[PDB]
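Asks: Sharing a structure below in structure tokens format, with a few things to ask.
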Amino acid sequence: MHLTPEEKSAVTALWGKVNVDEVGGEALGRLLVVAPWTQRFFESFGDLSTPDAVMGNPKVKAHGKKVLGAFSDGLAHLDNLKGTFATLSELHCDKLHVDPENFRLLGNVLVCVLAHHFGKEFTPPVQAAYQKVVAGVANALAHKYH
Amino acid sequence: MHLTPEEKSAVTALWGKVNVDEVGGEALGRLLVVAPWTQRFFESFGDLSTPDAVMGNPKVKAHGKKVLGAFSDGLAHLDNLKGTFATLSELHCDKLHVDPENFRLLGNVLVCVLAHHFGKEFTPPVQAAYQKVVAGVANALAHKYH
Amino acid sequence: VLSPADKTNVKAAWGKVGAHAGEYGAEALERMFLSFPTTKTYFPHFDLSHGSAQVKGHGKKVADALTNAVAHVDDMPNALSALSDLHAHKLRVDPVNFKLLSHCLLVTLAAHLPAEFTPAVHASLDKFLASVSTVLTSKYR
Amino acid sequence: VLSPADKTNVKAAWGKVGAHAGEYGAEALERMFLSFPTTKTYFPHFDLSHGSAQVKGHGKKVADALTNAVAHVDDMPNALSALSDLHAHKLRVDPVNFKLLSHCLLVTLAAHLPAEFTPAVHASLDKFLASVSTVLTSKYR
Ligand code: HEM
Ligand code: HEM
Ligand code: HEM
Ligand code: HEM
């Protein structure tokens, strides 16, 4: 990453306060609602007919936790996101056929969820470092597409 | 810059046959004609009112040759684009205030120009090598923005 | 296309913004400038430092235009004619940038209207900013 | 919007395409596959090998649709409604990919019509492909 020690510290420290369980379910569910077309990959999850139905769907919430988990661990290899997401990158390409654009939609939703959650704490300088991380994650994950 | 050796030989072989003077003028002129908004940087160039006025304007032709000149040098340092384009990146940012998206638009136009000129010789695979290259150059040009 | 639910949700949300839209306008710009530094290329003539009056004022201006848009949610194209003109023929901001301001504006509302920033409201505001962006870039060519 | 000039340009350049539309459609696709490998994710079910009949088959269908928009240059939204529906509801292709195909179609035409691919024609064809893309994406949300 092109993170400043200062920027690294800011990311790291807010993360420390995150409930991945809660944030993962909310980020993924929001995605399914804001950008309804991402639902094409989660037909087997049930009825995503309403915000309520999406936000309530346990399959969604549980997928959300699996996703932020992986993201969470990526934050420990901020200096080689590429090597940390290589296998996950292949998988997404080769098995799931997920368009990398989706990785960017989620990142932005993630940022709206953090702001939502931390209010005051999520300052312009803090969002700025987060924007760089979400872009970095998305790029890493997309890296092995061919 | 994921230029495979075979991709780099291909870029280099074709670049061998280009008349930078000529291509430079066509690429630049064509940009001012397809994305007229880009004309914002050249109000001291005079008459850009029509395609003929643009394509034939001595100032556009002279500037195009400058731009491709710098690009050509870029192609001799495919290994270090960022280094190559550093002072130019600073200039576009700090003095000229050129939104970097402009660099990608020009790359695409350039690719159509090469297709226009080389016909059948601009094969699927040659286009893909040039796609990587215009992208590398745009990125190098945007590296010093802040 | 904004559904009736959508127009409702937007008016509600914006309804709660109230006397703070200007500050939210200003805050969104600041978040945009820091997160997407390339957007600064359009304001070389501004003092982009924290708390600049140039930024605060611009913030109000933007805020006000959104208000007017919510108010004429049914006739945006018309309520924003002049603004679409200005952007297409004078400012000529590149279209990618509208998506960036729209995003910094969600983040700002989210951070300020917790209870109100529900998943359905979020979806609506997004479509809305999208629609607004479409309108402001409709006369580009 | 497309101007009379544009309309003339497009009918003219496309006129020249004639009977090669199919082949040019196949070629635009292959170029797209090679230059923007991410577009491949939409065709997991295709044989994307060189000279794939699936691609030939598909290039032709794309070319017929473009040909149909040219024949109805004054009523594209209606001429392409069905295809707009399909793309919004079934295929759900992300919008950014339209610009990629557009681009590869322009490269292809340029590679085949040196005499007609003038600056003026290039500009018109670009606005046209952008309008086609806008129609196909209109019902997405
Ligand atoms: C922050 C970016 C993301 C990360 C870190 C990530 C990570 C993961 C992980 C760790 C898995 C587990 C699968 C396994 O190991 O077998 C997974 C599966 C999956 N992901 Fe991603 N993902 C991301 C974004 C997305 C997005 C945005 C979508 C679609 C909107 C998506 C669609 C899927 C699907 C459909 C599966 C398979 C779930 C299943 O097996 O039912 N992913 N992802
Ligand atoms: C491949 C990408 C580009 C390269 C390699 C390039 C190169 C150059 C060079 C060598 C100069 C002259 C430097 C000087 O004056 O000291 C220049 C100036 C300039 N460039 Fe770029 N350029 C690129 C893209 C663009 C684009 C896409 C735009 C606008 C959309 C642009 C706008 C300008 C302007 C407005 C000037 C100054 C003209 C003047 O003298 O008034 N450039 N560029
Ligand atoms: C959400 C969509 C937007 C709205 C509603 C909006 C609205 C406005 C308004 C109301 C003005 C002031 C008009 C006046 O001075 O009378 C303005 C000016 C301006 N806008 Fe837009 N804008 C939007 C997006 C953007 C974006 C994304 C950018 C660039 C990143 C931008 C760049 C500018 C600039 C440079 C000015 C002139 C600033 C000055 O010199 O005062 N706008 N806009
Ligand atoms: C102006 C641009 C486009 C046009 C005119 C176009 C037109 C069409 C047409 C006529 C069909 C076949 C429908 C049928 O079965 O009758 C089709 C199918 C399809 N298109 Fe689009 N399309 C465009 C852009 C895109 C893009 C950018 C993508 C993705 C990169 C895409 C992905 C698909 C897919 C996956 C199918 C279904 C193929 C199959 O399973 O046979 N399209 N399109």
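Going through the structure tokens in order, the chains are called A, B, and so on, while each chain numbers its residues from 1 and the ligands are numbered from 1 in the order shown.
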Enumerate as a PyMOL selection string all residues of range 24-98 of chain A assigned to alpha helix (DSSP H) by DSSP on the backbone, naming them with the chain letters and numbers the document uses.
Replies: chain A and resi 24-34+51-56+58-74+81-84+86-94
Asks: Give chain A as a short mmCIF file (atom, residue, chain, number, x, y, z; two decimals) with N, CA and C atoms, in the first residue's frame once it has been least-squares superposed onto chain B over every C-alpha atom, paired in order.
Replies:
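out-v7.cif, freshly written:
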```cif
data_model
loop_
_atom_site.label_atom_id
_atom_site.label_comp_id
_atom_site.auth_asym_id
_atom_site.auth_seq_id
_atom_site.Cartn_x
_atom_site.Cartn_y
_atom_site.Cartn_z
N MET A 1 5.98 -2.40 -15.87
CA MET A 1 4.80 -2.92 -16.57
C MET A 1 4.65 -4.43 -16.31
N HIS A 2 3.44 -4.91 -16.59
CA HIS A 2 3.19 -6.35 -16.51
C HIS A 2 3.05 -6.83 -17.98
N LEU A 3 4.18 -6.56 -18.66
CA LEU A 3 4.27 -6.99 -20.05
C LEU A 3 5.14 -8.26 -20.07
N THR A 4 4.70 -9.12 -20.92
CA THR A 4 5.30 -10.41 -21.28
C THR A 4 6.37 -10.06 -22.31
N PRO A 5 7.47 -10.75 -22.27
CA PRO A 5 8.53 -10.51 -23.27
C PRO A 5 7.90 -10.44 -24.66
N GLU A 6 6.94 -11.33 -24.85
CA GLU A 6 6.22 -11.44 -26.12
C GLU A 6 5.43 -10.15 -26.39
N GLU A 7 4.87 -9.63 -25.31
CA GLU A 7 4.05 -8.42 -25.33
C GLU A 7 4.94 -7.20 -25.52
N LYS A 8 6.08 -7.23 -24.87
CA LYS A 8 7.11 -6.19 -24.99
C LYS A 8 7.58 -6.12 -26.45
N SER A 9 7.88 -7.28 -27.00
CA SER A 9 8.35 -7.35 -28.38
C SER A 9 7.35 -6.79 -29.38
N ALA A 10 6.07 -7.05 -29.16
CA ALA A 10 5.02 -6.63 -30.08
C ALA A 10 4.86 -5.12 -30.09
N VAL A 11 4.94 -4.53 -28.92
CA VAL A 11 4.77 -3.09 -28.76
C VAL A 11 5.87 -2.41 -29.60
N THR A 12 7.05 -2.75 -29.17
CA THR A 12 8.37 -2.34 -29.59
C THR A 12 8.53 -2.38 -31.09
N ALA A 13 8.15 -3.50 -31.67
CA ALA A 13 8.23 -3.68 -33.10
C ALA A 13 7.25 -2.90 -33.94
N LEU A 14 6.11 -2.52 -33.42
CA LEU A 14 5.11 -1.80 -34.26
C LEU A 14 5.55 -0.34 -34.19
N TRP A 15 6.01 -0.01 -32.99
CA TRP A 15 6.46 1.36 -32.72
C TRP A 15 7.55 1.83 -33.71
N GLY A 16 8.41 0.88 -33.97
CA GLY A 16 9.54 1.00 -34.89
C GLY A 16 9.05 1.58 -36.22
N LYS A 17 7.86 1.23 -36.62
CA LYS A 17 7.25 1.67 -37.87
C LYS A 17 6.44 2.95 -37.75
N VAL A 18 6.44 3.56 -36.57
CA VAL A 18 5.60 4.76 -36.39
C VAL A 18 6.31 6.06 -36.76
N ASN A 19 5.53 6.90 -37.42
CA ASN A 19 5.88 8.28 -37.74
C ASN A 19 5.25 9.10 -36.59
N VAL A 20 6.04 9.36 -35.58
CA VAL A 20 5.53 10.10 -34.41
C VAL A 20 4.97 11.46 -34.80
N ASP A 21 5.50 12.03 -35.87
CA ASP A 21 5.13 13.38 -36.30
C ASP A 21 3.65 13.37 -36.72
N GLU A 22 3.38 12.40 -37.56
CA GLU A 22 2.05 12.20 -38.10
C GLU A 22 1.06 11.64 -37.06
N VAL A 23 1.44 10.64 -36.34
CA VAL A 23 0.60 10.00 -35.32
C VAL A 23 0.31 10.90 -34.13
N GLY A 24 1.25 11.72 -33.74
CA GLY A 24 1.11 12.68 -32.65
C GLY A 24 0.08 13.76 -32.98
N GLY A 25 0.14 14.27 -34.20
CA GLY A 25 -0.79 15.33 -34.64
C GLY A 25 -2.20 14.77 -34.77
N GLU A 26 -2.31 13.57 -35.32
CA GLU A 26 -3.61 12.89 -35.50
C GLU A 26 -4.27 12.46 -34.19
N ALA A 27 -3.54 11.92 -33.22
CA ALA A 27 -4.04 11.51 -31.91
C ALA A 27 -4.57 12.70 -31.11
N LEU A 28 -3.77 13.76 -31.02
CA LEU A 28 -4.18 14.97 -30.34
C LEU A 28 -5.34 15.68 -31.02
N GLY A 29 -5.29 15.74 -32.32
CA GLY A 29 -6.38 16.41 -33.06
C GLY A 29 -7.66 15.59 -32.90
N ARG A 30 -7.56 14.29 -33.00
CA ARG A 30 -8.79 13.45 -32.90
C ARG A 30 -9.43 13.68 -31.54
N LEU A 31 -8.62 13.73 -30.52
CA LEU A 31 -9.04 13.95 -29.14
C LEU A 31 -9.90 15.21 -29.06
N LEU A 32 -9.37 16.29 -29.62
CA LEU A 32 -10.01 17.59 -29.57
C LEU A 32 -11.37 17.58 -30.26
N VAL A 33 -11.58 16.63 -31.12
CA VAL A 33 -12.80 16.49 -31.92
C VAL A 33 -13.81 15.50 -31.33
N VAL A 34 -13.36 14.36 -30.86
CA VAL A 34 -14.18 13.30 -30.29
C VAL A 34 -14.72 13.75 -28.93
N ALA A 35 -13.85 14.21 -28.09
CA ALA A 35 -14.12 14.75 -26.77
C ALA A 35 -13.81 16.25 -26.74
N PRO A 36 -14.72 17.01 -27.33
CA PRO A 36 -14.59 18.45 -27.43
C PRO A 36 -14.21 19.17 -26.18
N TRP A 37 -14.55 18.64 -25.00
CA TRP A 37 -14.26 19.35 -23.76
C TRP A 37 -12.78 19.40 -23.40
N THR A 38 -11.94 18.61 -24.04
CA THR A 38 -10.49 18.66 -23.75
C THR A 38 -9.89 19.93 -24.36
N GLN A 39 -10.69 20.65 -25.15
CA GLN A 39 -10.24 21.90 -25.79
C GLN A 39 -10.05 23.02 -24.79
N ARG A 40 -10.54 22.80 -23.59
CA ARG A 40 -10.47 23.80 -22.53
C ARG A 40 -9.01 24.14 -22.27
N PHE A 41 -8.11 23.24 -22.63
CA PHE A 41 -6.69 23.51 -22.28
C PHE A 41 -5.91 24.17 -23.42
N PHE A 42 -6.53 24.22 -24.57
CA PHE A 42 -5.88 24.73 -25.80
C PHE A 42 -6.63 25.88 -26.43
N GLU A 43 -6.92 26.91 -25.65
CA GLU A 43 -7.68 28.06 -26.18
C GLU A 43 -6.75 28.97 -26.98
N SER A 44 -5.51 28.99 -26.53
CA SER A 44 -4.45 29.81 -27.12
C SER A 44 -3.97 29.28 -28.46
N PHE A 45 -4.45 28.12 -28.86
CA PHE A 45 -4.05 27.46 -30.12
C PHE A 45 -4.78 28.04 -31.33
N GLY A 46 -5.94 28.65 -31.10
CA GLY A 46 -6.70 29.22 -32.21
C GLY A 46 -8.13 28.71 -32.26
N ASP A 47 -8.59 28.56 -33.48
CA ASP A 47 -9.95 28.08 -33.80
C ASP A 47 -9.87 26.55 -34.01
N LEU A 48 -10.67 25.92 -33.19
CA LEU A 48 -10.87 24.47 -33.08
C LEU A 48 -12.38 24.27 -33.24
N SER A 49 -12.94 25.19 -34.04
CA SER A 49 -14.38 25.25 -34.33
C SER A 49 -14.87 24.10 -35.19
N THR A 50 -13.94 23.48 -35.89
CA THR A 50 -14.33 22.35 -36.76
C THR A 50 -13.24 21.30 -36.79
N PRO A 51 -13.64 20.09 -37.13
CA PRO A 51 -12.71 18.97 -37.29
C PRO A 51 -11.52 19.49 -38.11
N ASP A 52 -11.87 20.02 -39.26
CA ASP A 52 -10.97 20.62 -40.26
C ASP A 52 -10.02 21.62 -39.62
N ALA A 53 -10.60 22.55 -38.89
CA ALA A 53 -9.85 23.58 -38.19
C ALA A 53 -8.94 22.99 -37.12
N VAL A 54 -9.32 21.84 -36.57
CA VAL A 54 -8.49 21.26 -35.49
C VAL A 54 -7.35 20.48 -36.14
N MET A 55 -7.79 19.67 -37.07
CA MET A 55 -6.88 18.78 -37.81
C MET A 55 -5.84 19.61 -38.59
N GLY A 56 -6.21 20.82 -38.97
CA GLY A 56 -5.35 21.74 -39.72
C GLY A 56 -4.44 22.59 -38.86
N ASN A 57 -4.87 22.92 -37.66
CA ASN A 57 -4.11 23.77 -36.73
C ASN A 57 -2.74 23.20 -36.41
N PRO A 58 -1.74 23.95 -36.86
CA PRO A 58 -0.34 23.63 -36.67
C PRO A 58 0.09 23.58 -35.21
N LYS A 59 -0.54 24.42 -34.41
CA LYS A 59 -0.20 24.48 -32.97
C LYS A 59 -0.55 23.13 -32.33
N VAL A 60 -1.65 22.59 -32.81
CA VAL A 60 -2.19 21.31 -32.38
C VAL A 60 -1.24 20.17 -32.76
N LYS A 61 -0.89 20.22 -34.03
CA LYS A 61 -0.03 19.20 -34.65
C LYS A 61 1.32 19.14 -33.96
N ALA A 62 1.81 20.31 -33.62
CA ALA A 62 3.12 20.49 -32.97
C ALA A 62 3.09 20.11 -31.51
N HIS A 63 1.92 20.27 -30.90
CA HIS A 63 1.77 19.84 -29.48
C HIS A 63 1.70 18.32 -29.44
N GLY A 64 1.03 17.75 -30.41
CA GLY A 64 0.84 16.32 -30.65
C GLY A 64 2.18 15.60 -30.79
N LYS A 65 3.11 16.22 -31.50
CA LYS A 65 4.47 15.70 -31.71
C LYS A 65 5.30 15.74 -30.43
N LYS A 66 5.07 16.74 -29.61
CA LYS A 66 5.78 16.92 -28.32
C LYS A 66 5.31 15.84 -27.35
N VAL A 67 4.00 15.62 -27.41
CA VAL A 67 3.36 14.57 -26.58
C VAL A 67 3.79 13.17 -26.97
N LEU A 68 3.67 12.74 -28.21
CA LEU A 68 4.09 11.39 -28.63
C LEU A 68 5.59 11.21 -28.47
N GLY A 69 6.28 12.34 -28.47
CA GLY A 69 7.75 12.24 -28.34
C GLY A 69 8.02 11.65 -26.96
N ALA A 70 7.49 12.37 -25.99
CA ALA A 70 7.62 12.04 -24.57
C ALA A 70 7.13 10.62 -24.32
N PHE A 71 6.04 10.29 -24.98
CA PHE A 71 5.44 8.94 -24.87
C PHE A 71 6.47 7.94 -25.42
N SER A 72 6.95 8.24 -26.61
CA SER A 72 7.96 7.44 -27.31
C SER A 72 9.14 7.08 -26.44
N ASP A 73 9.66 8.04 -25.74
CA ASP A 73 10.82 7.89 -24.84
C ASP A 73 10.41 7.05 -23.63
N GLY A 74 9.14 7.09 -23.27
CA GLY A 74 8.59 6.31 -22.12
C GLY A 74 8.66 4.81 -22.41
N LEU A 75 8.60 4.47 -23.69
CA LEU A 75 8.64 3.12 -24.20
C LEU A 75 10.00 2.46 -24.04
N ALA A 76 10.94 3.25 -23.57
CA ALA A 76 12.32 2.82 -23.35
C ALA A 76 12.55 2.61 -21.86
N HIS A 77 11.50 2.92 -21.12
CA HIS A 77 11.57 2.74 -19.65
C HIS A 77 10.27 2.09 -19.20
N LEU A 78 9.87 1.12 -19.99
CA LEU A 78 8.65 0.33 -19.79
C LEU A 78 8.67 -0.41 -18.46
N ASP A 79 9.83 -0.44 -17.82
CA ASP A 79 9.95 -1.15 -16.54
C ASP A 79 10.03 -0.20 -15.37
N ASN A 80 9.77 1.06 -15.67
CA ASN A 80 9.75 2.12 -14.64
C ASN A 80 9.19 3.38 -15.32
N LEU A 81 7.92 3.27 -15.63
CA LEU A 81 7.20 4.39 -16.27
C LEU A 81 7.06 5.46 -15.19
N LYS A 82 6.96 4.95 -13.96
CA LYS A 82 6.78 5.85 -12.80
C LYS A 82 7.93 6.84 -12.72
N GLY A 83 9.15 6.30 -12.67
CA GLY A 83 10.34 7.16 -12.61
C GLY A 83 10.51 7.97 -13.89
N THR A 84 10.09 7.44 -15.02
CA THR A 84 10.27 8.24 -16.26
C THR A 84 9.33 9.41 -16.29
N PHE A 85 8.11 9.29 -15.77
CA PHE A 85 7.18 10.44 -15.84
C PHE A 85 6.99 11.20 -14.56
N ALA A 86 7.85 11.03 -13.58
CA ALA A 86 7.69 11.77 -12.33
C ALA A 86 7.59 13.26 -12.49
N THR A 87 8.55 13.90 -13.13
CA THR A 87 8.61 15.35 -13.31
C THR A 87 7.49 15.85 -14.20
N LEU A 88 7.18 15.05 -15.19
CA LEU A 88 6.06 15.38 -16.13
C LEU A 88 4.73 15.26 -15.37
N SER A 89 4.65 14.35 -14.40
CA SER A 89 3.49 14.13 -13.54
C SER A 89 3.26 15.35 -12.63
N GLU A 90 4.32 15.80 -11.99
CA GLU A 90 4.21 17.02 -11.16
C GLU A 90 3.72 18.24 -11.94
N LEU A 91 4.29 18.40 -13.11
CA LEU A 91 4.03 19.51 -14.00
C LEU A 91 2.57 19.64 -14.40
N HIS A 92 2.06 18.46 -14.70
CA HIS A 92 0.68 18.33 -15.20
C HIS A 92 -0.34 18.66 -14.13
N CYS A 93 0.07 18.34 -12.90
CA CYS A 93 -0.72 18.55 -11.70
C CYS A 93 -0.65 20.01 -11.26
N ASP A 94 0.55 20.34 -10.87
CA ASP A 94 0.98 21.60 -10.30
C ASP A 94 1.00 22.81 -11.20
N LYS A 95 1.22 22.62 -12.49
CA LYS A 95 1.30 23.77 -13.40
C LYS A 95 0.15 23.85 -14.38
N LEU A 96 -0.15 22.71 -14.99
CA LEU A 96 -1.19 22.71 -16.03
C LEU A 96 -2.59 22.40 -15.54
N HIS A 97 -2.70 21.76 -14.39
CA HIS A 97 -4.05 21.40 -13.86
C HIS A 97 -4.82 20.56 -14.86
N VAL A 98 -4.18 19.53 -15.40
CA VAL A 98 -4.81 18.65 -16.36
C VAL A 98 -5.40 17.48 -15.55
N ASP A 99 -6.67 17.23 -15.72
CA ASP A 99 -7.32 16.10 -14.96
C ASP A 99 -6.75 14.84 -15.55
N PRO A 100 -6.23 13.91 -14.76
CA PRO A 100 -5.67 12.68 -15.28
C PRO A 100 -6.59 11.87 -16.15
N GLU A 101 -7.89 12.14 -16.13
CA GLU A 101 -8.82 11.33 -16.94
C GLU A 101 -8.54 11.46 -18.41
N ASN A 102 -8.07 12.64 -18.76
CA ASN A 102 -7.63 13.08 -20.09
C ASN A 102 -6.54 12.16 -20.66
N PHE A 103 -5.69 11.68 -19.74
CA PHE A 103 -4.56 10.82 -20.11
C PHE A 103 -5.08 9.50 -20.68
N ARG A 104 -6.21 9.10 -20.14
CA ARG A 104 -6.93 7.87 -20.53
C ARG A 104 -7.72 8.10 -21.79
N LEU A 105 -8.31 9.28 -21.95
CA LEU A 105 -9.02 9.54 -23.22
C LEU A 105 -8.00 9.45 -24.36
N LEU A 106 -6.87 10.14 -24.15
CA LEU A 106 -5.86 10.16 -25.25
C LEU A 106 -5.38 8.77 -25.63
N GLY A 107 -5.05 7.99 -24.61
CA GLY A 107 -4.58 6.62 -24.80
C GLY A 107 -5.51 5.86 -25.69
N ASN A 108 -6.80 5.99 -25.44
CA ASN A 108 -7.76 5.24 -26.26
C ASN A 108 -7.77 5.77 -27.68
N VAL A 109 -7.67 7.08 -27.83
CA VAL A 109 -7.59 7.70 -29.18
C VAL A 109 -6.31 7.17 -29.84
N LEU A 110 -5.19 7.18 -29.11
CA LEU A 110 -3.92 6.66 -29.64
C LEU A 110 -4.15 5.29 -30.26
N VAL A 111 -4.78 4.40 -29.46
CA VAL A 111 -5.09 3.06 -29.96
C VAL A 111 -5.94 3.10 -31.22
N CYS A 112 -6.92 3.99 -31.32
CA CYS A 112 -7.73 4.06 -32.56
C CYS A 112 -6.84 4.56 -33.72
N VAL A 113 -5.94 5.48 -33.45
CA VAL A 113 -5.03 5.97 -34.51
C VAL A 113 -4.14 4.83 -34.99
N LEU A 114 -3.52 4.06 -34.13
CA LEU A 114 -2.68 2.93 -34.55
C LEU A 114 -3.45 1.95 -35.40
N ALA A 115 -4.65 1.63 -34.97
CA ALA A 115 -5.44 0.65 -35.75
C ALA A 115 -5.71 1.19 -37.15
N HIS A 116 -6.03 2.46 -37.21
CA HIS A 116 -6.35 3.23 -38.39
C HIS A 116 -5.23 3.12 -39.44
N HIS A 117 -4.05 3.33 -38.92
CA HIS A 117 -2.79 3.32 -39.60
C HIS A 117 -2.28 1.95 -40.04
N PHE A 118 -2.25 0.95 -39.17
CA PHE A 118 -1.70 -0.36 -39.46
C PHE A 118 -2.66 -1.44 -39.90
N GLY A 119 -3.93 -1.15 -39.97
CA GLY A 119 -4.98 -2.10 -40.36
C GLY A 119 -4.70 -3.49 -39.79
N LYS A 120 -4.55 -4.41 -40.71
CA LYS A 120 -4.28 -5.82 -40.46
C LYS A 120 -3.24 -6.01 -39.37
N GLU A 121 -2.17 -5.26 -39.45
CA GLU A 121 -1.04 -5.37 -38.54
C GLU A 121 -1.41 -5.20 -37.07
N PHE A 122 -2.43 -4.41 -36.84
CA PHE A 122 -2.89 -4.13 -35.45
C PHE A 122 -3.94 -5.15 -35.01
N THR A 123 -3.47 -6.33 -34.71
CA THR A 123 -4.24 -7.50 -34.29
C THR A 123 -4.64 -7.40 -32.82
N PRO A 124 -5.66 -8.19 -32.49
CA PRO A 124 -6.21 -8.26 -31.12
C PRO A 124 -5.13 -8.40 -30.07
N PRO A 125 -4.20 -9.30 -30.28
CA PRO A 125 -3.09 -9.53 -29.34
C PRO A 125 -2.19 -8.31 -29.31
N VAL A 126 -2.11 -7.61 -30.44
CA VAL A 126 -1.23 -6.40 -30.46
C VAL A 126 -1.95 -5.24 -29.78
N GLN A 127 -3.24 -5.10 -30.01
CA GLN A 127 -4.01 -4.02 -29.31
C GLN A 127 -3.93 -4.23 -27.78
N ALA A 128 -4.05 -5.50 -27.38
CA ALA A 128 -4.05 -5.92 -25.97
C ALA A 128 -2.80 -5.43 -25.27
N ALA A 129 -1.64 -5.63 -25.88
CA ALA A 129 -0.37 -5.12 -25.30
C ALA A 129 -0.37 -3.60 -25.30
N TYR A 130 -0.94 -2.97 -26.31
CA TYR A 130 -0.96 -1.50 -26.39
C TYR A 130 -1.85 -0.86 -25.36
N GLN A 131 -2.92 -1.60 -25.05
CA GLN A 131 -3.90 -1.16 -24.04
C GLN A 131 -3.22 -1.16 -22.69
N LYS A 132 -2.37 -2.15 -22.50
CA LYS A 132 -1.66 -2.21 -21.20
C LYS A 132 -0.65 -1.08 -21.09
N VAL A 133 -0.07 -0.71 -22.21
CA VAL A 133 0.96 0.39 -22.19
C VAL A 133 0.27 1.73 -21.97
N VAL A 134 -0.80 1.96 -22.73
CA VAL A 134 -1.51 3.24 -22.57
C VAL A 134 -2.02 3.35 -21.14
N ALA A 135 -2.54 2.31 -20.54
CA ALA A 135 -3.04 2.38 -19.13
C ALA A 135 -1.87 2.69 -18.21
N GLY A 136 -0.78 1.95 -18.40
CA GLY A 136 0.47 2.16 -17.68
C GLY A 136 0.94 3.60 -17.82
N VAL A 137 0.97 4.17 -19.03
CA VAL A 137 1.45 5.56 -19.15
C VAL A 137 0.60 6.51 -18.31
N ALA A 138 -0.71 6.39 -18.44
CA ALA A 138 -1.73 7.24 -17.79
C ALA A 138 -1.57 7.21 -16.29
N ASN A 139 -1.35 6.01 -15.77
CA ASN A 139 -1.13 5.80 -14.33
C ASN A 139 0.15 6.49 -13.88
N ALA A 140 1.21 6.31 -14.68
CA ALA A 140 2.49 6.93 -14.32
C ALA A 140 2.31 8.44 -14.24
N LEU A 141 1.70 8.95 -15.28
CA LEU A 141 1.53 10.43 -15.36
C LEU A 141 0.68 11.01 -14.26
N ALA A 142 -0.18 10.17 -13.70
CA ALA A 142 -1.14 10.61 -12.67
C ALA A 142 -0.67 10.42 -11.24
N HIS A 143 0.39 9.64 -11.15
CA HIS A 143 1.05 9.18 -9.95
C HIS A 143 1.38 10.28 -8.98
N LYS A 144 1.91 11.42 -9.41
CA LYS A 144 2.27 12.52 -8.51
C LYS A 144 1.17 13.51 -8.19
N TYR A 145 -0.06 13.28 -8.65
CA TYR A 145 -1.17 14.20 -8.31
C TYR A 145 -1.48 14.08 -6.81
N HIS A 146 -1.78 15.20 -6.25
CA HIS A 146 -2.10 15.39 -4.83
C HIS A 146 -2.99 16.64 -4.74
#
```
Asks: Rounded to one decimal in Å, what is the spacing between CA of residue 92 in chain D and atom 28 (C, counted along the ligand's line) of ligand 1?
Replies: 14.4 Å
Asks: Which residues form the shell of 8 Å around ligand 4 when you count only C-alpha atoms and all ligand atoms, given as a ChimeraX atom specification?
Replies: /D:39-43,45-46,54,58,61-66,83,86-87,91,93-102,129,132-133,136
Asks: Please, what distance in Å, to one decimal, runs between CA of residue 139 in chain D and CA of residue 141 in chain C?
Replies: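 Between CA of residue 139 in chain D and CA of residue 141 in chain C the gap is 21.6 Å.
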Asks: Determine, counting only C-alpha atoms, which protein, DNA and RNA residues have an atom within 10 Å of an atom of residue 1 in chain C; residues of the same chain fewer than 3 positions away are not included. Present the result as JSON, numbers by chain.
Replies: {"C": [4, 6, 127, 128, 130, 131], "D": [138, 139, 140, 141]}
Asks: Would you save the residues from that selection as a CSV table (one decimal), in the first residue's frame, using N, CA and C atoms?
Replies:
```csv
chain,number,residue,atom,x,y,z
C,4,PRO,N,-41.9,6.1,-6.4
C,4,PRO,CA,-42.6,6.9,-5.4
C,4,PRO,C,-42.0,6.7,-4.0
C,6,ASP,N,-39.1,5.9,-3.3
C,6,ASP,CA,-37.8,6.6,-3.4
C,6,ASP,C,-38.0,8.1,-3.2
C,127,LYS,N,-29.8,6.4,-5.7
C,127,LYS,CA,-30.4,6.5,-7.0
C,127,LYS,C,-30.5,7.9,-7.4
C,128,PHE,N,-30.9,8.7,-6.3
C,128,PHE,CA,-31.2,10.1,-6.4
C,128,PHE,C,-30.0,10.9,-6.8
C,130,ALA,N,-27.5,9.6,-8.2
C,130,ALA,CA,-27.2,9.1,-9.5
C,130,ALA,C,-28.0,9.9,-10.5
C,131,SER,N,-29.3,10.0,-10.3
C,131,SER,CA,-30.2,10.8,-11.2
C,131,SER,C,-29.8,12.2,-11.4
D,138,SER,N,-30.6,1.8,-19.5
D,138,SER,CA,-31.6,2.7,-19.0
D,138,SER,C,-32.6,2.1,-17.9
D,139,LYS,N,-32.8,0.8,-18.0
D,139,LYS,CA,-33.8,0.2,-17.1
D,139,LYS,C,-33.1,-0.6,-16.0
D,140,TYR,N,-31.9,-0.3,-15.7
D,140,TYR,CA,-31.0,-1.0,-14.7
D,140,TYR,C,-31.5,-0.8,-13.3
D,141,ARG,N,-32.0,0.3,-12.9
D,141,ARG,CA,-32.6,0.7,-11.6
D,141,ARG,C,-33.6,1.8,-11.8
```
Asks: May I ask which of the residues C:118, C:124, C:108, C:134 is the closest one to ligand 3, counting only C-alpha atoms and all ligand atoms?
Replies: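 Ranked by minimum distance to ligand 3, first place goes to C:134.
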Asks: Atom 3 (C, counted along the ligand's line) of ligand 1 and CA of residue 34 in chain C, how far apart in Å?
Replies: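 Computing it gives 24.4 Å between the two atoms.
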